[PDB]
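Written out below as structure tokens is the structure these notes cover.
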Amino acid sequence: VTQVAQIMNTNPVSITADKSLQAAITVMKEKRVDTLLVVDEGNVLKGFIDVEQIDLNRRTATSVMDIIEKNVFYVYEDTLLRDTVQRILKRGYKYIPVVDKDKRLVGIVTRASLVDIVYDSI
Amino acid sequence: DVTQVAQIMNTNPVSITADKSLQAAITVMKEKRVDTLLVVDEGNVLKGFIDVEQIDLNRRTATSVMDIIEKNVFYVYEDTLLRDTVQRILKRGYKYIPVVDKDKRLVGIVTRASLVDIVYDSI
Ligand SMILES: Nc1ncnc2c1ncn2[C@@H]1O[C@@H]2COP(=O)(O)O[C@H]3[C@@H](O)[C@H](n4cnc5c(N)ncnc54)O[C@@H]3COP(=O)(O)O[C@H]2[C@H]1O
């Protein structure tokens, strides 16, 4: 039935991995998010960074790459919703980033995507 | 060391009261972009919380917010040391932590986006 592209939120907060921690937290505070999704010049999703990793490696870390986690679970645009929801609800994932066939960052399914979904079913 | 929660907590936590319907609740949740509502009475005293989850499960046989409230809330007072409440979210897996004044009145919560603030101050 329904795909993720339908309900996903089309404004996932990204930063490039050339940018400093000073700059990364700057965005994170403005945008009200505990992570950043890492993305290259052409917007191919590459990893994520944590607020914690910023805090553990702050003294000897100058940049976003210095602390990047490249093993992100993303899910393609046209995947079935049920699966990604099932992952977040039960398998503990905090949100699931959404890409296109070129692995370009295109959306996020946050817990407030579950609201959207539950709101619609009334 | 000696910094409190009140200093940092974000002072707009999303409440609802126990009369409101599920239709009413999920409305507030969507607007505000939040997976849970905190439950407060006429005089704003913290009582519990409801989820997207429970709203989703009990939809068919549940008209009111009270029908599915979770009365057992971890909460903390305004003047608790930040350090303890922060250490709870981080390594004890609490999703966020509601802060009350000494009359158990919701005055704030401490989100994962309260940590950024902390980490931002430290630089
Ligand atoms: N009664 C209430 N009053 C006030 N707030 C309430 C509340 N009940 C629940 N919440 C908050 O709702 C937020 C929504 O969770 P969600 O997974 O959509 O949203 C999460 C997370 O999925 C999202 N996020 C993280 N990295 C992101 C990125 N790179 N792009 C977009 N979103 C990101 O940022 C949000 C930050 O988590 P946080 O715990 O700060 O914020 C949570 C939680 O603290």
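A note on labels: chains of the structure tokens are A, B, ... as shown, every chain counts residues from 1, and ligands are counted from 1 in their shown order.
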Inset, instruction - Enumerate residues in contact with ligand 1: an atom-to-atom distance of at most 7 Å, counting only C-alpha atoms and all ligand atoms. Format the result as JSON, numbers by chain. - result: {"A": [11, 12, 13, 14, 32, 33, 34, 35, 36, 37, 94, 95, 108, 110, 111, 112, 113], "B": [12, 13, 14, 15, 33, 34, 35, 36, 37, 38, 95, 96, 109, 111, 112, 113, 114]}
Inset, instruction - Give as JSON, numbers by chain every residue of chain A that touches chain B within 12 Å, counting only C-alpha atoms. - result: {"A": [9, 20, 21, 22, 23, 24, 25, 26, 27, 28, 29, 30, 31, 32, 33, 34, 35, 36, 50, 51, 52, 53, 54, 55, 56, 57, 58, 59, 85, 86, 88, 89, 90, 92, 94, 110, 111, 112, 113, 114, 115, 116, 117, 118, 119, 120, 121, 122]}
Legend entry - Near-stretch 70-82 of chain A list (9 Å; only C-alpha atoms; drop same-chain fewer than 6 positions) as a list in words: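 Here the answer would be residues 1, 2, 3, 4, 5, 6, 7, 8, 38, 45, 46, 47, 48, 93, 96, 97, 98, 99, 100, 101, 103, 106 and 107 of chain A.
Between residue B:8 and the residues B:60, B:83, B:20, B:91, the shortest atom-to-atom distance, using only C-alpha atoms, involves B:83.
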Legend entry - d(atom CA of residue B:82, atom CA of residue B:46) in Å: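 Here the two named atoms are 19.8 Å from each other.
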Inset, instruction - Using DSSP on the backbone coordinates, identify all residues within chain B classified as alpha helix (DSSP H); present the result as JSON, numbers by chain. - result: {"B": [5, 6, 7, 8, 22, 23, 24, 25, 26, 27, 28, 29, 30, 31, 32, 52, 53, 54, 55, 56, 57, 58, 82, 83, 84, 85, 86, 87, 88, 89, 90, 91, 113, 114, 115, 116, 117, 118, 119, 120, 121]}
Dump as a CSV table (one decimal), in the first residue's frame, selection limited to N, CA and C atoms:
chain,number,residue,atom,x,y,z
B,5,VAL,N,18.0,22.6,37.0
B,5,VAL,CA,17.2,22.3,35.8
B,5,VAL,C,16.5,23.5,35.3
B,6,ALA,N,16.0,24.3,36.3
B,6,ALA,CA,15.1,25.4,35.9
B,6,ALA,C,15.8,26.3,34.9
B,7,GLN,N,17.1,26.7,35.2
B,7,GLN,CA,17.9,27.5,34.3
B,7,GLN,C,17.7,27.1,32.8
B,8,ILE,N,17.8,25.8,32.5
B,8,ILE,CA,17.8,25.4,31.1
B,8,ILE,C,16.5,24.8,30.5
B,22,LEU,N,-9.7,12.0,22.2
B,22,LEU,CA,-8.4,11.6,21.5
B,22,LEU,C,-8.3,12.4,20.2
B,23,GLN,N,-9.4,12.8,19.6
B,23,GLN,CA,-9.5,13.6,18.4
B,23,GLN,C,-8.9,15.0,18.8
B,24,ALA,N,-9.2,15.5,19.9
B,24,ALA,CA,-8.7,16.7,20.5
B,24,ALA,C,-7.2,16.6,20.8
B,25,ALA,N,-6.7,15.5,21.2
B,25,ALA,CA,-5.3,15.3,21.7
B,25,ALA,C,-4.3,15.2,20.5
B,26,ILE,N,-4.5,14.3,19.6
B,26,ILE,CA,-3.7,14.1,18.5
B,26,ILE,C,-3.7,15.4,17.6
B,27,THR,N,-4.8,16.2,17.7
B,27,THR,CA,-4.8,17.5,17.1
B,27,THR,C,-3.6,18.4,17.7
B,28,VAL,N,-3.7,18.5,19.0
B,28,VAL,CA,-2.6,19.2,19.7
B,28,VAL,C,-1.2,18.6,19.4
B,29,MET,N,-1.1,17.3,19.4
B,29,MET,CA,0.2,16.7,19.1
B,29,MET,C,0.7,17.0,17.7
B,30,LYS,N,-0.2,17.0,16.7
B,30,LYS,CA,0.2,17.3,15.4
B,30,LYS,C,0.7,18.7,15.3
B,31,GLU,N,-0.2,19.7,15.5
B,31,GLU,CA,0.2,21.1,15.6
B,31,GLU,C,1.6,21.3,16.2
B,32,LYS,N,1.8,20.7,17.4
B,32,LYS,CA,3.0,21.0,18.1
B,32,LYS,C,4.2,20.2,17.8
B,52,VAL,N,1.2,8.7,21.3
B,52,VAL,CA,0.7,8.2,19.9
B,52,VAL,C,0.4,6.8,19.9
B,53,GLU,N,1.3,6.0,20.4
B,53,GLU,CA,1.1,4.6,20.6
B,53,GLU,C,-0.3,4.2,21.2
B,54,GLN,N,-0.6,4.7,22.3
B,54,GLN,CA,-1.8,4.3,23.1
B,54,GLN,C,-3.0,4.9,22.4
B,55,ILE,N,-2.9,6.1,22.0
B,55,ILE,CA,-3.9,6.7,21.1
B,55,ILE,C,-4.2,5.8,19.9
B,56,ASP,N,-3.1,5.3,19.3
B,56,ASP,CA,-3.3,4.4,18.2
B,56,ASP,C,-3.9,3.1,18.6
B,57,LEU,N,-3.5,2.5,19.7
B,57,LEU,CA,-4.1,1.2,20.1
B,57,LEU,C,-5.5,1.2,20.5
B,58,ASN,N,-5.9,2.2,21.3
B,58,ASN,CA,-7.2,2.2,22.0
B,58,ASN,C,-8.3,3.1,21.2
B,82,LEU,N,20.8,19.9,37.5
B,82,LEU,CA,20.7,19.4,36.1
B,82,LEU,C,21.4,18.1,36.0
B,83,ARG,N,22.7,18.0,36.4
B,83,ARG,CA,23.6,16.9,36.2
B,83,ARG,C,22.8,15.5,36.3
B,84,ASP,N,22.0,15.4,37.3
B,84,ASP,CA,21.3,14.1,37.6
B,84,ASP,C,20.3,13.8,36.5
B,85,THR,N,19.4,14.9,36.2
B,85,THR,CA,18.4,14.7,35.2
B,85,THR,C,18.9,14.4,33.9
B,86,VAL,N,20.0,15.1,33.5
B,86,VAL,CA,20.7,14.9,32.2
B,86,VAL,C,21.2,13.5,32.1
B,87,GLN,N,21.9,13.0,33.2
B,87,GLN,CA,22.5,11.7,33.2
B,87,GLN,C,21.5,10.6,33.0
B,88,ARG,N,20.2,10.9,33.4
B,88,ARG,CA,19.1,10.0,33.2
B,88,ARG,C,18.6,9.8,31.7
B,89,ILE,N,18.5,11.0,31.0
B,89,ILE,CA,18.1,10.9,29.6
B,89,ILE,C,19.2,10.2,28.8
B,90,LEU,N,20.4,10.5,29.1
B,90,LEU,CA,21.6,10.0,28.3
B,90,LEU,C,21.7,8.5,28.4
B,91,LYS,N,21.9,8.0,29.7
B,91,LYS,CA,22.3,6.6,29.9
B,91,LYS,C,21.2,5.7,30.5
B,113,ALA,N,16.8,18.2,22.9
B,113,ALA,CA,17.2,19.5,22.4
B,113,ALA,C,17.4,20.5,23.6
B,114,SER,N,17.4,20.0,24.8
B,114,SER,CA,18.0,20.7,25.9
B,114,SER,C,19.5,20.4,26.1
B,115,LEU,N,19.9,19.3,25.6
B,115,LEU,CA,21.3,18.9,25.6
B,115,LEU,C,22.2,19.8,24.7
B,116,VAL,N,21.6,20.0,23.5
B,116,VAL,CA,22.3,20.8,22.5
B,116,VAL,C,22.7,22.1,23.2
B,117,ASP,N,21.7,22.8,23.8
B,117,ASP,CA,21.8,24.0,24.5
B,117,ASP,C,23.0,23.8,25.5
B,118,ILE,N,23.0,22.8,26.3
B,118,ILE,CA,24.1,22.5,27.2
B,118,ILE,C,25.4,22.4,26.4
B,119,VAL,N,25.5,21.6,25.4
B,119,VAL,CA,26.7,21.4,24.6
B,119,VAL,C,27.1,22.7,23.9
B,120,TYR,N,26.2,23.6,23.6
B,120,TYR,CA,26.4,24.9,22.9
B,120,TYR,C,27.1,25.9,23.8
B,121,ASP,N,26.6,26.0,25.1
B,121,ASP,CA,27.2,26.8,26.1
B,121,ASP,C,28.7,26.3,26.4
Inset, instruction - Could you give me, as a list in words, the residues within 9 Å of residue B:104, counting only C-alpha atoms and dropping anything in the same chain fewer than 5 positions from it? - result: residues 44, 45, 46, 47, 76, 77 and 99 of chain B
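The space separating atom CA of residue B:101 from atom CA of residue B:66 comes to 23.1 Å.
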